[PDB]
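Presented as structure tokens, the chain that follows is alone, the form deposited in one PDB entry.
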């Protein structure tokens, strides 16, 4: 149906990122700011970007020049954000490829621990209750000592891991020869593409719900502990997860909406897609936390200490689940194929959009003087060389710093706040409503206007100031304290995109003649936003 063509309601942000962020922040208290942000700023900004693209019929950069020439740095900020995100979004795919290649033997490597990479502290999970120190689980030991080979800190990069580097090269070469060729989909594969992840998720959920101790996991996942709400990090993580999953503030939704017709009702579509995305994110937590509760019951420890409080939660939990099913290798192969399929489509779309946006800036020297293939190869090679920094023995710390500052946090709240503020208080909410009534056929209600003028601005500014007043530095797995220069580099990563609006404002102000007031009054006037008809 239209849902099959719509897709996007499933992604790695729903399967890999939401459960680990919910588990890190206690679980249950994460859901109040999550839903508050979802119904206060998530859907309205998505609809605003879609409608701006549809109205202007322009991409992510040229659309802001026809609405407010002064505030034209939002497109450059989005370009920088997407460029930073494309570097580290593919290490997850590299890990999935490594796991898939490792799951082709007669026995799964993480089922038992008697191998070369194990330690004397390891014991089988089913025999821990017989005896009881510092004992460890075979699956965690596998993930930490065979795939990662963790070092004592970020300042100990150790040596490059050649198998992970080759997997990264393989996934980047898959991205190439497909972005270049242009093969995206057909009229027969989309039925299997959009149905396989849901079938796998249903199988995993059914398996998890029947395990002993699942009720404790559900209670942990659903009970809203209140005293955790005084920490700004819960609010920031819950708010930025919605932005990350919806792929807003990246310049992609504007381009997607630019392909719609002028007379098309996208309001109902933006609501359906958002609701389905949120529901898909919410459902898989049940399976994840039922598995976690079963593991806690089996090992005789707390649910808050069984697994990693970081990005490896899925790679620790899901293989444990597939080890409890008949024919485990078949299910492992299916699960990791599904993960790769989920990741590759988003990576393809994002890299293609970034390349198109970068080419559009210089159409003369990137279409005639230089071919597009050379530019694509250069971008891919630079991204691979940059991402080589996260496949060493101390690359997990570098990955955690880019997933906290590069494409989330204060940098995603800055862009959203400036978009909403510009639209609400310069162009005009009533003017935008008149346009929307012209296109979609009927006038919307007052929810979108108030979310653009009051709710989104207050939430963004309030969360930012709260974090600075009660400051707490970033940690890894609750125990690693990063050095000061690492925090400085992480903040520079966000500032590199945050500093795009004032600089463009200064350039525009200096590139005009006349009095200051005259200059400001001229760069604030929209320039024929809808020219078609």
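Numbering follows the first chain given and starts at 1. What we label the rigid core is the largest C-alpha set whose atoms superpose within 1.5 Å from one form to the other.
Beyond what is shown, the protein has a form deposited in another entry; the following relates to that form.
Of the residues 431, 159, 185, 195, exactly one exceeds or equals a 2 Å C-alpha shift between this form and the one not shown once the rigid core is aligned, and that residue is 185.
For residue 526, a C-alpha deviation below 2 angstroms is recorded between this form and the one not shown after rigid-core alignment. Core-superposed comparison between this form and the one not shown: the C-alpha position of residue 20 differs by less than 2 Å. A shift of at least 3 angstroms pushes the Cα atoms of residue 184 and residue 93 further from each other in the other form than in the displayed structure.
Note on residue 7 and residue 263: their C-alpha atoms are nearer in the other form, a change of at least 3 Å from this conformation.
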